Amino acid sequence: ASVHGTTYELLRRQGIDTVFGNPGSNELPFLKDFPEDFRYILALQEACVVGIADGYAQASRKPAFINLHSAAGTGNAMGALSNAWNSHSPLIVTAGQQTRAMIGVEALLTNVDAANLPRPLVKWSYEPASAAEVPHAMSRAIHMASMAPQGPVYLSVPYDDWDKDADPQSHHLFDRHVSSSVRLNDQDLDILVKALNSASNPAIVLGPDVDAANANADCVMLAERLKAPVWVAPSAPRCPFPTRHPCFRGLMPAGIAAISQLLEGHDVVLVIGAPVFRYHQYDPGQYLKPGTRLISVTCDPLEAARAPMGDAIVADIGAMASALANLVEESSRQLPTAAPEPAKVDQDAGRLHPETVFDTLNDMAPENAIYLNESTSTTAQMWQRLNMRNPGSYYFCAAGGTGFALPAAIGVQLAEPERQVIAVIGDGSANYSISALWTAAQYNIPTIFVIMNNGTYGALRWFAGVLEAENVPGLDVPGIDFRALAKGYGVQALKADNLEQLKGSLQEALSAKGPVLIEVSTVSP
Amino acid sequence: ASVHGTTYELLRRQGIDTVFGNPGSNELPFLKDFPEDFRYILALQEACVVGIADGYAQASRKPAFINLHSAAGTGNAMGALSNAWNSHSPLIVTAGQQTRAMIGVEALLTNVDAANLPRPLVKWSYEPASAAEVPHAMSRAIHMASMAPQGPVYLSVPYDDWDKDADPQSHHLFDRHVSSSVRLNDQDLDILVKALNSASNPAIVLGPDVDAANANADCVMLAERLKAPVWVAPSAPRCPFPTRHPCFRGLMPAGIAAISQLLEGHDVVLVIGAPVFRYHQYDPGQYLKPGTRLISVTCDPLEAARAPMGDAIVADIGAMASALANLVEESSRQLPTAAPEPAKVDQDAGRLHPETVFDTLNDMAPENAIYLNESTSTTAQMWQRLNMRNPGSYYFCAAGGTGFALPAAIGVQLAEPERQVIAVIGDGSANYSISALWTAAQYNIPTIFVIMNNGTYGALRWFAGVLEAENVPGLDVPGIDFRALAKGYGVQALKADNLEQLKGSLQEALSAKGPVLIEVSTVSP
Amino acid sequence: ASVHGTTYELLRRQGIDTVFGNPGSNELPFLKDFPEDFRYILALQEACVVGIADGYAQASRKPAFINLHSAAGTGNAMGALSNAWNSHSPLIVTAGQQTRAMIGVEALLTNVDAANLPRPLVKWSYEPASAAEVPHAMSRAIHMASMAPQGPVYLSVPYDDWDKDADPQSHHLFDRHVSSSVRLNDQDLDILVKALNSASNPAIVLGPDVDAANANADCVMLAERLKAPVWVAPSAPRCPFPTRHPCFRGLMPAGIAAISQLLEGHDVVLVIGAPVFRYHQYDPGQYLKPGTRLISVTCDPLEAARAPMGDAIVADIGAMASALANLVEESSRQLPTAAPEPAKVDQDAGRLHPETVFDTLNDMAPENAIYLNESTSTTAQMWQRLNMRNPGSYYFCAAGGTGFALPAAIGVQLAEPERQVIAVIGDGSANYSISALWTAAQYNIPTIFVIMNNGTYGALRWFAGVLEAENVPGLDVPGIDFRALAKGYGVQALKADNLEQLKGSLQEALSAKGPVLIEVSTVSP
Ligand SMILES: Cc1ncc(Cn2c(C)c(CCOP(=O)(O)OP(=O)(O)O)sc2=O)c(N)n1
Ligand SMILES: Cc1ncc(Cn2c(C)c(CCOP(=O)(O)OP(=O)(O)O)sc2=O)c(N)n1
Ligand SMILES: Cc1ncc(Cn2c(C)c(CCOP(=O)(O)OP(=O)(O)O)sc2=O)c(N)n1
Ligand SMILES: [Ca+2]
Ligand SMILES: [Ca+2]
Ligand SMILES: [Ca+2]
Ligand SMILES: [Ca+2]
Ligand SMILES: [Ca+2]
Ligand SMILES: [Ca+2]
Ligand code: NA
């Protein structure tokens with residue numbers, strides 16, 4: 001067998017059947033004779049390729065396979081890799097290298113010092129020392145991406161390797177099963193459970209690895225047993241809990257002092273599947289108030305090491321959430337009372353308040369919709385106004401890097417063909433990965449894109465006001481016609497200048513058979 | 001509080017009470033006002049510092065703390081770090097940096113691009129962005145070294161940081177408890193146990209992480225229940241099993257074909273706490289023969305990813321060994337029969353065969369002796385001839401790097417003051433870290449050093465014969481007087497030119513109140 | 001031809017005829033069939049291998065070739081590489097890798113992520129993608145080490161590559177000539193010369209790259225023409241000027257304020273072949289006083305970029321010094337007056353003051369002696385008391401890393417067989433690379449080693465007094481018998497407890513036919 005044949009057999013035997021890619025010269029010997037059982041999803045720029053693959057991996061809860069061109073293609077994807085690192089996304093990033101005989105001379109298209117290029121944003125990065133090693137290196141990449149804590153990996157392959165003879169012993173790779181589905185030993189788990197059972201006023205904080213594990217329902221059981229309020233850890237990349245469950249208390253503010261104040265009076269705070277904590281604004285004060293202790297369950301040693309407070313347990317979130325939910329006592333305390341619905345903001349017949357947009361989406365979208373957020377000044381209102389009952393219902397750029405949601409929404413829609421995806425993206429953020437629209441059109445992936453057009457980088461403008469910063473340049477983005485951009489890439493487009501038009505546009509979009517972009521005129525901040 | 005006071009409080013609260021070091025100018029602000037409850041162990045070169053700390057950490061089963069001088073001191077230690085990486089040794093390596101105000105100009109003693117220097121041989125490498133961050137960075141280092149898979153970490157600290165004010169919120173670091181003591185979920189563990197129970201001819205292979213976990217006795221129970229032969233994985237850094245137990249079958253040959261032949265006819269091979277596998281010679285063939293499947297339990301994702309065959313489970317070795325030992329059925333098969341004792345090799349009244357040396361050590365040493373091996377051509381005979389009943393009884397350079405055993409034997413003896421340590425080191429290997437002898441003399445650490453003097457790099461000479469390689473230079477090391485070197489560093493020294501003198505020297509050494517070096521004239525290969 | 005044959009042909013065609021090494025398993029396929037026209041110099045530990053090669057390269061003014069074993073051997077050498085980086089030493093560091101077929105599994109002796117290991121201490125670091133690339137990669141290593149700014153480079157070679165067929169087009173590598181012997185363009189050089197000619201009170205500062213270029217005599221002509229005092233830049237690794245020439249003013253203090261005060265009243269300060277500046281103690285103040293401007297000529301862009309003041313020219317030091325010496329006008333100012341001889345320090349019939357030692361060496365050594373310094377508390381007195389008339393007469397660890405001088409003195413003596421080398425090394429520093437003594441004995445390289453034994457790390461103790469630091473541990477090194485260590489490695493040894501014995505020992509040592517170590521009892525600080 002050839003290295004080509006052996007590698008595609010390994011991929012299919014390990015459950016991989018889709019290549020997200022943007023091709024080049026070094027990759028044609030890999031992509032030729034493309035197997036009939038595989039799908040190739042083309043995107044027009046590599047940030048888009050990786051964003052689409054990332055949304056697909058996050059929603060599918062399985063690794064996604066990517067093929068990019070050498071250094072320039074890998075480089076174009078590295079902002080997308082920063083988000084993927086923070087979201088623990090299992091991405092197998094492959095890139096083609098020059099033929100081994102011209103690597104030394106640094107021929108055009110040589111990826112120099114290739115494995116160092118995507119560092120520090122990958123768990124493992126490698127270029128094999130010979131063609132016959134390629135299947136084994138691919139096996140390593142698959143497992144490294146997939147073991148907890150999941151994350152992106154990188155493999156560079158000289159183009160001449162694919163046609164070489166494979167090692168016959170590579171067949172031992174095909175069916176390897178690798179598990180990290182582990183939980184705390186019984187003795188120590190009993191100690192943890194007793195601490196939870198004897199807490200007087202416990203609180204629960206959940207992060208994105210809960211949703212990645214599909215541990216959401218176990219966390220609901222846990223919260224109901226403990227009678228405990230539940231918050232989502234700050235800077236949330238995913239939604240780990242039903243947002244209208246009576247225990248839910250919303251998105252935590254991303255500040256040190258704000259969080260310790262919020263937790264004051266809670267004697268035990270159990271954090272599951274989050275860093276402790278992804279603060280953002282610098283809000284100095286106590287990490288925890290006297291009387292509060294913290295216990296973190298995390299899949300990632302790096303998170304356990306860097307927490308500034310609390311105990312930690314490094315284990316699989318699915319296994320730990322299930323064990324805790326099933327072992328804790330039912331507390332006789334009263335179940336928390338649901339948060340009240342948000343107020344309606346006054347809305348005239350002109351430009352839309354973001355609150356109106358979210359309320360209207362909540363009114364009209366299916367109950368199993370999936371939302372993506374890259375409307376950076378409106379995140380708090382989004383979290384208050386969307387009833388997200390099911391797992392896998394929310395994605396936000398985990399490193400804060402814009403350019404994620406537009407492509408990721410396409411990948412999520414590909415992963416979840418029966419759940420309507422609605423990406424709510426600011427006019428600023430929409431440009432970073434605008435060409436991803438073309439992939440939705442070409443493959444007829446029916447994502448709905450809601451562009452919140454207020455003419456400015458509002459989250460930045462707000463922060464400039466916060467620092468009392470005068471004369472900051474570059475904050476306004478006038479003069480973009482999103483309906484024309486959508487037409488450019490073959491996506492149906494609508495415009496909503498007021499609430500009547502927003503309702504009419506959403507009705508059409510929800511009825512449509514393909515992707516749709518709605519440009520919404522929103523209030524300037 | 002100062003950063004100095006806060007950092008020593010963190011260290012003591014995390015169980016650290018000893019600094020292994022070789023000082024410099026950038027480290028004096030850390031070492032000043034040295035706390036009365038801490039011990040400083042000086043060694044004269046940094047390979048020695050780290051080797052001593054490594055033996056201490058491996059035998060104690062807890063992290064060891066190291067302080068080195070800037071780039072040159074760190075650099076002198078990097079061969080020792082290669083061994084520590086392979087042995088999963090929890091080493092906290094700190095080095096002093098120039099004052100922040102002259103880092104930019106690259107004053108003498110600046111460690112340029114410091115965190116990159118020890119890569120790729122550390123799990124985590126860092127220099128803090130401000131003085132107040134130092135305690136938090138130290139906390140990260142402690143936990144990163146200590147979580148599974150354990151390993152060395154690196155922290156560079158500008159010398160001016162120590163006298164600065166600490167953050168009052170650093171007190172939350174002091175008592176953090178971080179656990180990685182995890183095992184496979186119940187459902188999947190039951191599947192594994194059923195596979196073991198239904199095996200017709202199981203085999204067990206154990207590696208160094210068994211001994212690191214003190215899982216040895218659980219592995220004995222497991223082997224007795226399953227009625228299974230037990231081998232030690234190749235290139236063994238530790239001894240994970242009693243070597244005269246009836247199930248024991250010795251050290252596996254470090255070759256692909258040799259191992260698959262050895263395992264032929266075993267239907268299930270359970271590997272615990274080893275890479276799969278640390279081969280050495282290139283002995284191409286089948287990874288496993290038809291009819292054999294492999295299951296690996298490893299604490300290290302990197303090991304699970306790179307195995308060329310078998311299933312894997314990434315979990316804590318202590319927790320997994322205990323769970324398996326207690327869950328498997330007692331098989332009705334007959335217990336394996338003990339291996340026969342090794343034959344006595346003919347020995348005249350002249351230079352010693354290595355086999356004679358090992359038999360004599362086995363005859364005379366206490367039953368709880370601890371051996372170290374850096375006599376590289378005699379490892380197979382050592383493994384056959386020493387009855388090692390207890391855990392923590394054997395250490396060998398895990399990366400194959402010479403210069404480990406002499407210093408490590410001192411650290412092991414410091415960790416285990418009631419167990420006599422006997423380091424068996426070739427005349428070649430003894431030179432790499434020869435100055436470590438001084439630390440044994442100064443602190444009166446009563447290690448016995450047995451120098452196997454055959455005048456040559458025998459393991460290399462043997463391999464040159466294997467490749468039929470003529471005219472290889474640099475293989476002979478004549479003209480070293482080890483008794484004079486021992487005198488140079490204050491260690492009592494003896495010479496044994498024949499068996500009568502070997503017995504007499506060992507009797508004296510075993511009676512002595514301090515370290516002793518015995519130079520043994522061994523047969524030339 | 002094989003890769004082996006082609007690579008040795010490239011080496012000999014590029015002037016390389018000596019391999020400094022410590023062998024291992026991965027290197028035997030390179031070292032076998034060792035060519036008859038090459039020399040192999042064995043040392044017993046890799047810090048020693050690289051130190052010897054470094055002294056040889058620095059004194060020869062040509063690249064030196066090194067062969068080490070995999071990661072552990074490379075790692076053992078990295079403190080030596082820190083010094084080599086600072087001294088711009090042209091070192092070609094090669095290390096053997098595992099056979100390509102087991103790199104993936106990480107067999108014992110695999111150097112993982114090899115090229116990253118010696119970073120950041122090398123100019124270029126590489127492992128070739130195929131066997132046929134090895135000669136081209138070796139060519140790159142040779143030229144990268146040798147082009148300005150010279151420095152160490154690293155090449156990792158899988159052991160199976162050597163026996164493979166070479167590319168017939170590799171013959172084009174053999175005779176390549178690469179030059180960096182460049183100087184500032186005529187127009188700008190004329191501007192510089194006019195600035196020097198019109199200076200009212202110029203000063204010259206010289207660094208180690210002057211001595212590396214053998215630009216010393218040109219710098220003497222330049223100083224005589226300009227009538228300018230000459231200082232050596234701080235932390236000096238080499239001696240760039242005759243120390244009793246009337247212009248010489250000695251070693252600059254390694255402090256910011258001290259240097260600006262020293263230069264006050266000099267209108268133009270021309271620095272040649274030094275960083276600006278290798279400060280050590282933090283002595284904050286003005287970089288230059290009003291009225292002084294600085295112009296630096298450096299071979300190293302990194303030095304030009306990081307200077308905190310002055311203009312810079314990046315060019316070859318040999319070419320620039322020759323051009324300036326020959327173009328400047330003869331000033332009509334009076335030639336500077338020679339510094340007075342140093343005073344005799346009072347000396348009783350007991351332990352030796354360092355000043356006595358240096359005065360006695362100056363009295364007894366040949367005029368063409370070469371000194372090395374690793375007596376770290378006595379550097380200022382050494383610089384005052386040794387008349388060094390010739391180039392290549394002084395070496396000091398350029399990164400401040402101890403363990404350089406003992407091995408380097410052997411390499412220097414090998415490079416300069418007709419100049420007596422005298423290494424003055426403290427009792428502390430002597431231990432770092434003590435095993436290098438064996439190479440001097442085995443090859444009969446007649447270096448004289450003068451061990452200044454005061455029982456302590458005096459340079460550190462002095463600095464602790466400076467910070468008023470109480471309770472610093474690890475500063476004393478009692479209990480080392482250097483005559484026994486010398487006997488251990490086959491070197492003749494003498495002891496000098498007083499001046500009479502010092503004179504008698506030096507007389508013997510100077511008469512001896514082999515290496516000699518003299519242990520000198522010096523006054524405790
Ligand atoms: C790749 C990238 N570039 C720039 C930014 C900075 N950035 C920018 C440019 C933001 C403004 C996005 O504007 P928007 O129109 O999408 O939404 P708002 O008006 O609601 O903020 S928020 C933010 O952090 C970023 N996070 N990531
Ligand atoms: C740091 C380092 N340098 C060199 C080697 C190479 N090496 C060397 C030099 C060996 C010979 C050791 O000789 P010995 O006298 O200690 O023992 P034997 O004579 O029994 O081999 S075995 C081996 O792998 C190494 N492994 N590690
Ligand atoms: C590799 C390394 N380790 C440690 C040091 C720190 N160091 C040490 C240990 C010195 C003392 C050397 O003592 P000595 O006996 O050689 O000489 P003095 O007594 O004259 O200082 S000076 C100095 O910077 C260093 N520079 N390099
Ligand atoms: Ca509503
Ligand atoms: Ca906007
Ligand atoms: Ca016996
Ligand atoms: Ca030997
Ligand atoms: Ca004199
Ligand atoms: Ca001293
Ligand atoms: Na490095």
Side-chain angles (χ1 to χ4, degrees), chain B residues 79 82 280-281 374-377 397 399-404 425-433 454-480 524-525, chain C residues 4 7-8 11 16-36 38-53 64-77 80 91-99 108-111 114 154-163 407 435-436 438-439 442-443:
Chain B
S82 74
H280 180 184
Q281 57 264 26
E374 209 164 275
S375 176
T376 41
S377 68
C397 47
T402 57
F404 170 76
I425 302 169
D427 55 314
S429 291
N431 305 292
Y432 290 82
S433 299
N454 63 16
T456 190
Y457 290 146
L460 300 185
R461 195 164 273 279
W462 183 81
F463 188 45
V466 159
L467 325 128
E468 294 212 2
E470 305 182 31
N471 302 271
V472 179
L475 303 191
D476 297 327
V477 288
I480 307 174
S524 172
Chain C
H4 185 280
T7 301
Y8 281 104
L11 287 171
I16 295 157
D17 57 31
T18 299
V19 176
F20 297 91
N22 181 265
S25 298
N26 296 341
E27 301 66 40
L28 305 176
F30 171 64
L31 297 175
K32 70 173 188 283
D33 304 328
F34 194 69
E36 290 175 69
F38 279 65
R39 290 203 73 180
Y40 189 89
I41 303 289
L42 178 65
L44 297 178
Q45 200 254 16
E46 297 82 357
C48 307
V49 172
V50 174
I52 294 167
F65 184 95
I66 293 151
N67 185 236
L68 308 178
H69 174 60
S70 196
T74 297
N76 281 346
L91 303 183
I92 304 153
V93 183
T94 74
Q97 172 67 284
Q98 260 282 12
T99 192
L108 195 69
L109 319 180
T110 300
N111 186 353
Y154 186 72
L155 181 63
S156 172
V157 181
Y159 79 70
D160 58 319
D161 288 356
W162 297 107
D163 289 344
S435 68
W438 184 82
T439 301
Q442 288 294 309
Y443 297 99

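Worth knowing before you read on, the calculation uses all heavy atoms, side chains too, and leaves out hydrogens, waters and symmetry mates. Below, read A as the first sequence line, B as the second, and so on, with proteins coming before strands; counting in each chain starts at 1.
- By the 30° and 60° cut-offs, the orientation of the rings of B/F463 relative to C/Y159 is perpendicular.
- Here the closest heavy-atom approach between residue C/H4 and residue C/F30 is recorded as NE2-O, 3.1 Å.
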Verdict with supporting geometry, B/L467 and B/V472, side chain to side chain contact (heavy atoms under 4.5 Å, CB included): CA-CA 11 Å; B/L467 325 128; B/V472 179; over 6 Å; no
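- Proximity of a side-chain donor or acceptor of C/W162 to a complementary backbone N or O of C/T7 within less than 3.5 Å is not detected.
- Using a 4.5 Å cut-off on side-chain heavy atoms (C-beta onward), C/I66 and C/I92 make no contact.
- Nearest heavy-atom pair across C/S70 and C/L109 is OG-O, 2.7 Å.
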Determine whether B/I425 and B/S375 satisfy the following criterion, side chain to side chain contact (heavy atoms under 4.5 Å, CB included), listing intermediate values before the conclusion. CA-CA 5 Å; B/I425 302 169; B/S375 176; over 6 Å; no
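- Annotation: side-chain contact (heavy atoms from CB on, under 4.5 Å) contacts of B/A459 (sequence neighbours excluded): B/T376, B/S377.
- The side-chain contact (heavy atoms from CB on, under 4.5 Å) test applied to B/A399 returns B/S82, B/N83, B/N86, not counting sequence neighbours.
- Expressed to the nearest 0.5 Å, how far CD1 of C/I52 lies from OG1 of C/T439 amounts to 4.0 Å.
- B/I480 CD1 to C/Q442 CD: the interatomic distance, rounded to the nearest 0.5 Å, is 7.5 Å.
- A search for side-chain contact (heavy atoms from CB on, under 4.5 Å) contacts involving C/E27 returns C/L31, C/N67, C/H69, not counting sequence neighbours.
- For the pair B/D427/B/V477, a side-chain contact is recorded, criterion being any heavy-atom separation below 4.5 Å from C-beta on.
- Residue pairs that meet the side-chain hydrogen bond (donor to acceptor under 3.5 Å, both in side chains) test with at least one member in residues 461-475 of chain B, sequence neighbours left out, are B/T456-B/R461, B/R461-B/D476.
- For the atom pair C/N76 CG and C/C48 SG, the distance stands at 9.5 Å (nearest 0.5 Å).
- C/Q98 places no side-chain N or O within donor-acceptor distance of the main-chain N or O of C/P158, the cut-off being under 3.5 Å.
- Ring-plane geometry between C/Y8 and C/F38 is classed as perpendicular, the angle between the planes exceeding 60 degrees on a 0 to 90 degree scale with a lower cut at 30.
- Expressed to the nearest 0.5 Å, how far OG1 of C/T110 lies from NE2 of B/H280 amounts to 10.0 Å.
- Using a 30° and 60° split on the angle between ring planes, C/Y40 and C/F34 fall in the perpendicular class, above 60°.
- Across all non-hydrogen atoms, the minimal contact from B/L475 to B/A464 is CD1-CB, 4.4 Å.
- The distance from the OG atom of B/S433 to the CZ atom of B/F404 is 10.5 Å, given to the nearest 0.5 Å.
- The shortest non-hydrogen separation linking C/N26 to C/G96 is ND2-O, 3.1 Å.
- Residues satisfying the ring pair (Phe, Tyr, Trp, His ring centres under 6.0 Å) test with C/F20, not counting sequence neighbours, are C/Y56.
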After noting the C-alpha distance and the side-chain angles of C/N22 and B/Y432, does the key distance pass the side-chain hydrogen bond (donor to acceptor under 3.5 Å, both in side chains) rule? CA-CA 11 Å; C/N22 181 265; B/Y432 290 82; 2.7 Å; yes
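- The shortest side-chain heavy-atom distance between C/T94 and C/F65 falls under the 4.5 Å cut-off.
- With sequence neighbours excluded, the residues forming a salt bridge (charged side-chain N to carboxylate O under 4.0 Å, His left out) with C/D163 are C/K32, listed by chain and number.
- When every heavy atom of C/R39 is checked against every heavy atom of C/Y443, the shortest pair comes out as NH2-CD2, 3.6 Å.
- With contacts defined as side-chain heavy-atom distances shorter than 4.5 Å, the pair C/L42/C/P23 qualifies.
- The distance from atom OH of C/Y154 to atom OG1 of C/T74, rounded to the nearest 0.5 Å, is 3.0 Å.
- Between C/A80 and C/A47, the shortest heavy-atom contact is CB-O, 4.0 Å.
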